[PDB]
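Visitor: Chains from the complex, first installment, not repositioned:
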Amino acid sequence: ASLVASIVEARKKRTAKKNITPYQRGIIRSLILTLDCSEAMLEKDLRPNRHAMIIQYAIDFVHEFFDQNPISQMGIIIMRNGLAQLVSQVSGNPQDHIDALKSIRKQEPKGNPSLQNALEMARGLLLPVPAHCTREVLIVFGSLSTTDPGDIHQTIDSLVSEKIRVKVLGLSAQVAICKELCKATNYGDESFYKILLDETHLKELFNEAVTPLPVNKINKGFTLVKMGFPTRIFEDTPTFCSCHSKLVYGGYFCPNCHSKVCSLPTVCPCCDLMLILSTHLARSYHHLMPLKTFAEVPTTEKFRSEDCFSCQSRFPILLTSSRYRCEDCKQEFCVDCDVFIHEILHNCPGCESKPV
Amino acid sequence: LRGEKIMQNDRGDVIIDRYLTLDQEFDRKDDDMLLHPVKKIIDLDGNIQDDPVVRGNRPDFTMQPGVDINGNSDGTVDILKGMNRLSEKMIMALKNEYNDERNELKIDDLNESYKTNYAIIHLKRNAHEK
């Protein structure tokens, strides 16, 4: 029964994954990461302290966010002494944000938090953003009280008018404003206010936010974005960079003005034209054509082969069939591949192998 | 101002004490600044005025503000009003220049669960060769 207990738990876990449909998602994103650094964050519920762990997870989130969203930009804000402090301008450089967070890791948190101040700063920082981008705000709230100079309700209404989206991660309990902020800002959806239940659960919540959020049907904006694909060039002598004005061995050449840049993907400093590589767009393709989840094969029927199609792993004999088939191509797979094919890869080998 | 019972024994300061009477006027002015009609839902004034001819035994001294031997108020009720006024001022300061009852009474949990209105896109795959 112990082995069956694990199997049934896997089925329950697979129950949520069954319902997958290609929802429209905004690949281009503009995130404003807000961290709470107040007296309430000095507690020891999270070892060594809330501030240390949150900063540590923030660095991991930055690494993950830019890895799967190469054509996105992020900004970092912090609440301290009842005021909102800006620590990094919105930019596409992952290193800049990580460096800023590392410096923040030293200063001790103190004072009270001010959501209205943080939201107001986020609203201003997101004002110079193209309409084709999705404006998102990730707030890490730990305090159960908010001290603000003005009316928070007015700011929430302004946030809705600006088509901003807010995600709040709590630490202790539910806050009335956070629920209202996460509800009115997300078309009444109540799934954008999450409270962690332990140290491990917090890691999943940060990882979940990486995936682009689906867009609402009524909030439909379609437009064409002008972009360019620079060609990498190797130079025998170092030359000045158009971005930092420093000696570098070489850089990508913009196809619109021939101005060189250090690293990609970034907007050209001269023609203000977003420069990217073919790989950068390719990564976000899986969010557009998600691989249909595999359905477990009942043991009543007869299996095709005793070994996995993609990894040639003999299926254990052991109650419950250890095989998962793909409806599109009807190819059995072991448990290990399905996790690997839906988390690392995003293409079913069986479907590709089938000729037409 | 700190919401503490003033002690007659305390000497205080002669210069500052001149403004004590002014503060009493300020509190009266502040009381009007906060006074305004209240919704009938949380209107406690009407509860006692619902039957204006109620005649009954007077409440015991435990249900009335404390008084001293002379019969006058001990003054601890004043600090309660002072603290109460201070809280009201802070909230009002937030709402600076910078139907509803029906919705509140309704039970949200009994309503239909929120339904997502996300869009779905199907993309065709066909293009000319290089």
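Guide: Thanks, I have the structure now. Numbering: from 1, shown residues only, chains lettered A, B, ... in the order given.
Visitor: helices and strands around the helix or strand containing residue A:118, which ones?
Guide: Using DSSP states H and E, residue A:118 sits within helix A:115-125. Judged by 3 or more C-beta pairs under 8 Å, 6 or more residues apart in numbering or on different chains; DSSP states H and E, helix A:115-125 is in contact with strand A:29-36, strand A:73-80, strand A:83-91, strand A:134-140, helix A:152-161, helix A:176-184. For the C-beta atoms, the positions are set from N, CA and C on the backbone; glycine is no exception.
Visitor: Buried ones in the fifth one, by neighbour count?
Guide: Residues of helix A:152-161 classed as buried by neighbour count (16 or more other C-beta atoms under 10 Å in any protein chain shown): A:152, A:155, A:156, A:159, A:160.
Visitor: What pairs with whatever helix or strand comes next after that helix, parallel or antiparallel?
Guide: Sequence order places strand A:165-170 as the next helix or strand after helix A:152-161, per DSSP H and E. Partners of strand A:165-170 in the sheet, by DSSP bridges, are strand A:134-140 (parallel), strand A:193-195 (parallel).
Visitor: how about the residue in the stretch 1-150 of chain A that chain B sits nearest to, phi and psi?
Guide: Closest residue of the stretch 1-150 of chain A to chain B, C-beta to the nearest C-beta: residue A:24 (4.1 Å). Backbone dihedrals for residue A:24, given as degrees, to the nearest 10, come out at phi -70, psi 130.
Visitor: repeat for residue B:51
Guide: The phi/psi pair for residue B:51 (degrees, to the nearest 10) reads phi -120, psi 100.
Visitor: before we move on, what about residue A:112?
Guide: Dihedral angles (degrees, to the nearest 10) for residue A:112: phi -110, psi 160.
Visitor: List the contacts of residue 55.
Guide: If you meant another chain, say so; for now it's chain A. A:35, A:101, A:104, A:105 (C-beta atoms under 8 Å, 6 or more residues apart in numbering or on different chains).
Visitor: circling back: distance to residue A:314 for the helices and strands packed on helix A:115-125 - can I get that in CSV?
Guide: Below are the helices and strands packed on helix A:115-125 laid out as CSV (distance: least, C-beta to C-beta, whole Å):
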stretch, distance to residue A:314
strand A:29-36, 44
strand A:73-80, 46
strand A:83-91, 51
strand A:134-140, 45
helix A:152-161, 56
helix A:176-184, 48
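Visitor: Which among the ones you listed is found nearest to residue A:286?
Guide: strand A:29-36 (15.7 Å; C-beta to C-beta).
Visitor: same for the closest one, what does it pack against?
Guide: helix A:50-68, strand A:73-80, helix A:115-125, strand A:134-140.
Visitor: and chain C on top of that:
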Amino acid sequence: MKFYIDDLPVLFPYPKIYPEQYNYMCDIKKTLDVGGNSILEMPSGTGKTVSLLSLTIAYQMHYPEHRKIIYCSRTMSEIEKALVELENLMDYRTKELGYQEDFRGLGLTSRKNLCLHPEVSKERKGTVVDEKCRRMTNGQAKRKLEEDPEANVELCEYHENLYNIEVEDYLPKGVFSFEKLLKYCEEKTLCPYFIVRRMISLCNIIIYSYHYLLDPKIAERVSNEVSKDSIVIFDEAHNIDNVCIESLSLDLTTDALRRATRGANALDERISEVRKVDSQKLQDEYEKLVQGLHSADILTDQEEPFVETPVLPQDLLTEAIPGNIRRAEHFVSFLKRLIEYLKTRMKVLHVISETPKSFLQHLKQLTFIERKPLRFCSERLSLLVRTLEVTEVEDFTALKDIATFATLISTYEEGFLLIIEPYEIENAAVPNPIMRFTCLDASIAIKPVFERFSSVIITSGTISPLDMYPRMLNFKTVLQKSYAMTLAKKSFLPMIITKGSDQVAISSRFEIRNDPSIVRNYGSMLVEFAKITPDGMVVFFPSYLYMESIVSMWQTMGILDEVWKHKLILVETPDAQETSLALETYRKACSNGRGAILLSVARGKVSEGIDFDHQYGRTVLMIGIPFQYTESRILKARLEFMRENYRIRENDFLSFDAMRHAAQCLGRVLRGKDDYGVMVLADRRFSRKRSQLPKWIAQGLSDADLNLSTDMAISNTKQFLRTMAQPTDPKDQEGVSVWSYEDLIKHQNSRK
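Guide: Below is chain C, added to the chains above:
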């Protein structure tokens, strides 16, 4: 949805329905069909008013009888909430049935709550408002104006405008709440008060407070218009006895008697002034009195008696005037001697308790005032006052108290006791003697209600134990039961704290209120809970004085300063307007997210109708058992009367009285099953009171929470708050706590 009962179709105003609501409706229909009284107890976390209205409204519309509905509440604020549910209920019926069925439903309240006159609604007391309204609506001003247009007496445009239109056309068909009624009346310059009074006989459902059904002063006029077979609903009747007792109670002080003599002398002077110039009025009144007519046959419908009948309609004598008080001058002498007799009885040096018969016997000895003439003091005074042209009655106001006292004492003799105390307040430099007429039997004023009406439903959220109420109030019930909420996941955490973090017992005993050890322990509890409470926290104290003293102790100690950092402190005050502002600020603070903590009295104005659903109430801190003041003559006399009559132990009643109030506040935090909160009872005496709590609260109280410490309790609260925050699994409540139409049909099939 619209589901069916055995023969009654009912339209629920929500797509879903709780299992308890369906059981609630079925039992209520059984009570109505079988007839008689019933007592029903529901958890506060399930919609009770909406469920009750849906069935009752359907019952009237379906059966040919079309019995009217009477809804009784305990406060005006509750009337507003009930009307909102009716307005929501009618909207659903109109949208589902395709038409607005013929229905009329209006609330009711005093003039002060419905006066629109620019110069009369700005008064701080309802008595003055009634007097001013009477002056412009008695009819003397209208009659005087007709005879002489030059008369400076004014009228009320709102009242006058009503005469143009018929009573049936005062308001359009539908349901009008106070908020909506005022708006409609303002746009047309009409008096909501008079409209409500003149439409009771035509309203399908009438909603008013208990004081309008039990108090003889104001209930007689209203009760005379309602039907005899109408349905009666007692909503939140767990404190009905207190309302019943105060209806037939009175207080007399030395100042009241002192002001009574001045009015009596003024009344005598007025008679002489009228006698010299216009003596025909006295003869006209005297001529009518000889035959045996009373105020009803003399006073017109437009006008009302100056002194409201302090006794029930069934207990007033119908005989003619005895003759002693038949004349104006003679009655004043009768009244004057009575006032002096009361004054000489105010000099006693020790507490005296005597029955009404003993008081009458001593009165008949020292003076020669008989019982029968004393019963018509109030009745005779109204006739004399009316005929004396006393438009200004500022001086004669005090005489109302004397007239009220005479009628009450001379009417009832069993279950009533008279208390004379030489010291109203023991903490006083000079004696301030008071005279109190107390009512001991709690069934006297409610007896007519249970006899006039056939079917009566008594329902409340914390009415337990159910067996005691039939004992206290002499009535029988066909069925009495309490429903337990079938919540899939625990939503409320009731726990009992008996000692502080230092393992020292904590109690709210009055004698040790200024205890340095207990004050710190309670102060630590307040601060620690305020640190973890997300939005709002309500603190209920046994009495205002105990709260007043302890709060001052915290202020000096500095406990409040710590609380100020995390939440705003709102304090209940004796003034009603100031307390209302505090609630608005408290709600506003909770809404935005600043956080606020409200300190109130368990027996105060906040606990008698104000609700703290969802964010407003997240943690309730009951500071001690709300015990009454044991060393009170009024309570002691009541306790002895119950023990001898109903064989109820004094300790048992005292525990029941305190628990009924402690439970009352606990139920004002949950509205639906999506609400959550923690109920902490901070006293060592709560440990043995688990059985006395409401069933739906007792079931949620674990055996391990009977005796907890501050440190242990805080940790449990933190865990509970965190766990409830997680998203609830829909499947865990698809058909176990919440029912859809399909689920309801399935239950109706399995049951049948």
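Visitor: ok chain C is loaded, check the contacts of residue A:55 again?
Guide: Neighbours of residue A:55 in contact, by C-beta under 8 Å, 6+ apart: A:35, A:101, A:104, A:105.
Visitor: wait, what's in contact with whatever residue of the stretch 251-356 of chain A ends up closest to chain B?
Guide: Closest approach of the stretch 251-356 of chain A to chain B (C-beta to the nearest C-beta) occurs at residue A:288, with a separation of 6.4 Å. Listed by C-beta under 8 Å, 6+ apart, the contact partners of residue A:288 are A:22, A:25, A:27, B:121, B:123.
Visitor: how much space is there between it and residue B:120?
Guide: 12 Å (C-beta to C-beta, to the nearest Å).
Visitor: Run through who's touching the longest helix seen in chain C.
Guide: Determined from DSSP state H, the single longest helix within chain C is helix C:254-277. Residues outside helix C:254-277 that contact it (C-beta under 8 Å, 6+ apart) are C:281-282, C:328-329, C:332, C:335-336, C:339-340, C:342-343, C:346, C:384, C:388-390, C:395-399, C:401-402, C:432-434.
Visitor: biggest helix in chain B, by residue count?
Guide: helix B:76-94.
Visitor: How about the one residue in the stretch 101-250 of chain A that gets nearest to chain C, nearest residue that isn't a chain neighbour?
Guide: Nearest residue of the stretch 101-250 of chain A to chain C, counting by C-beta to the nearest C-beta: residue A:177, 3.3 Å away. Nearest in space to residue A:177, with sequence neighbours left out and distances taken as C-beta to C-beta, 6 or more residues apart in numbering or on different chains, is residue C:593 at 3.3 Å.
Visitor: close enough to count as contact, that neighbour and residue A:176?
Guide: Yes. The pair residue C:593 / residue A:176 is scored as a contact, 5.7 Å apart, by C-beta atoms under 8 Å.
Visitor: Settle it for me: which of the two has more neighbours?
Guide: Using other C-beta atoms under 10 Å in any protein chain shown, the more surrounded residue of residue C:593 and residue A:176 is residue C:593, with 27 against 20.
Visitor: who touches the more buried one in this structure?
Guide: A:115, A:145, A:146, A:152, A:175, A:176, A:177, A:178, C:535.
Visitor: any chance of the residues you listed in TSV, plus distance to residue C:582?
Guide: As requested, the contacts of residue C:593 are exported to TSV (distance: C-beta to C-beta, whole Å):
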residue	distance to residue C:582
A:115	25
A:145	19
A:146	21
A:152	21
A:175	22
A:176	19
A:177	21
A:178	25
C:535	16
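Visitor: give me every residue that touches the closest residue to residue B:107 other than its chain neighbours.
Guide: Of all residues beyond its chain neighbours, the one nearest residue B:107 is residue C:672 (4.6 Å), with distances taken as C-beta to C-beta, 6+ apart. Residues in contact with residue C:672 (C-beta under 8 Å, 6+ apart) are B:107, B:108, B:109, B:110, C:45, C:46, C:47.
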